[PDB]
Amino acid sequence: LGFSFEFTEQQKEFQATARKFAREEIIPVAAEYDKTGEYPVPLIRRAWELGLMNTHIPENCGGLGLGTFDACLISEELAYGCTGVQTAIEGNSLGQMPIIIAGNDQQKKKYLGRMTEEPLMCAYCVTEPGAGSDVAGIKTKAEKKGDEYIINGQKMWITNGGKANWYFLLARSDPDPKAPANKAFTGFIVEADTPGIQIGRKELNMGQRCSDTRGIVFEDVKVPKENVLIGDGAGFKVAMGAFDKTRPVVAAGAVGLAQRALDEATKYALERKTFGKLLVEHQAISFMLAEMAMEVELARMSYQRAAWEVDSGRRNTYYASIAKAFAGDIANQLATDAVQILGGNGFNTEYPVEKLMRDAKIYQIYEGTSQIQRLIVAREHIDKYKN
């Protein structure tokens, strides 16, 4: 067999559909959605109709049953158009992943099945105002009371928080402070219409402005025991396990934004003249473009490797964290270099690059910060070492 860097024919078809959608539908309206902060309902509904959403849902639940490699290639194309739109769409896959990997047949048919019938959204609730990077520090409480659990806590920065039909929620189920992380938490599926759920205001962030991000308070929220993933205490492994499939998709989003910044900068450098030459003819500008192209290519291969590893049935933690760390860093470098190449125009809102700079910063923060990715890569590298 051997190495191959060629997509299958089906993958080329998915890529073509996602690219056409991003170019014809997302790009022409993304600046307006970023200005208004309006949730991009028409684009989400069109992505759903084109089969570009909920791609991991198994075929037996009415889904496409695609793998992580397929989700990444779609995600890169959507992100090229807008990561605000792509984050809303990807948010569904983040909420669904714990059910896909740890749900029983009933939970999958009920909660994933509904997503294949209508363009509903879902969300995942882990982060709290007091703890984000430190998942083992979460304080939202889950207490078993007969055939149900009572949830009390506050979650923060929830993507699709105000639009979700249901949430994946991680809560502390063991009151013992000495309980190890792998036994202390429970993962739940929570219907959004449950009494006691209080959704907060839309948060106003620097970037991905059309994505919906909110705080949510859970006050004595009743959850049936049938909505527990695996069982009491299995929450940490379910939530951590879901990153193997989602982290390469997030890295692909950063790559799409980076590719957009590179394309905008190159096209501008081929039109703008200074000192009697096109910008591409000034060696400092050509060297920047060369370095930007090197970074995009290497970041793309990093997510492709992480996606192929998990699709091959292997744990991909090391590769997925390398991809998230590297793609997150280079999306930020490319976005500021693209603003730089456009000069005064680059700093201006009528040009498309300043939005990319505002959007890119989230890739060093959400879904495991740059520092957390380094902590993971360090642990995996040190564990792999042998004389």
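All residue numbers are counted from 1 along the displayed sequence.
For the two regions 206-214 and 175-183, the entry's Cα B-factors average higher over 175-183.
Taking the PDB entry as given, 84-92 carries the higher mean Cα B factor of the two stretches 84-92 and 264-272. For the set 155, 305, 163, 109, the maximum C-alpha B-factor listed in the entry falls on 109. Of the candidates 61, 338, 41, 27, the deposited coordinates give 61 the top C-alpha B factor.
Remark: residue 141 belongs to the highest third of its chain, ranked by C-alpha B-factor as recorded. Residue 117: CA B factor in the middle third of modelled residues in this chain (values from the PDB entry). When the CA B factors of the chain's modelled residues are split into thirds, the value for residue 355 lands in the lowest one. Sorting the modelled residues of the chain by their CA temperature factor places residue 345 in the lowest third. Among the modelled residues of its chain, residue 300 has a C-alpha B-factor that falls in the lowest third, as given in the PDB entry.
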